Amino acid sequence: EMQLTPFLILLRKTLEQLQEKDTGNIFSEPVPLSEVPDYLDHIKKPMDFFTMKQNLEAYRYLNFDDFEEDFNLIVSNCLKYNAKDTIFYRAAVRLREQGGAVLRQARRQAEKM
């Protein structure tokens, strides 16, 4: 029950804030299927920040949950595919942790709309 333009402005800002937490840029683009030939074997829906940006601008995120769901996919896919003693796994835990406050604050603002 809100206006489209301010909401998308809020999602854009939120997405940039989330991306800022990924300092190694390991989640910026789709996992390279050419480099990881077995990836799709147990990852049913790959996700990444570039794809999220495309979805946002394609008006595919019209509520906060659908945005947050794809962010959570970035994290959960990474935890699933990689062993716990890897940099990738711990980077996903860190993103989940730091992304948490970013999402909570952004949703607060959305609920004012």
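One-based numbering along the sequence shown. Rigid core here is just the name for the largest C-alpha set that superposes within 1.5 Å across the two forms.
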item: Between stretches 3 to 11 and 102 to 110, more displaced by Cα RMS in 8 other deposited structures of this protein (rigid core superposition); value: 3 to 11
item: Between 34 to 42 and 63 to 71 (mean CA B-factor, as deposited), the higher; value: 34 to 42
item: Residue stretch of maximal mean CA temperature factor, 100 to 108 vs 14 to 22; value: 100 to 108
item: Record-listed C-alpha B factor of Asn55: chain third; value: highest
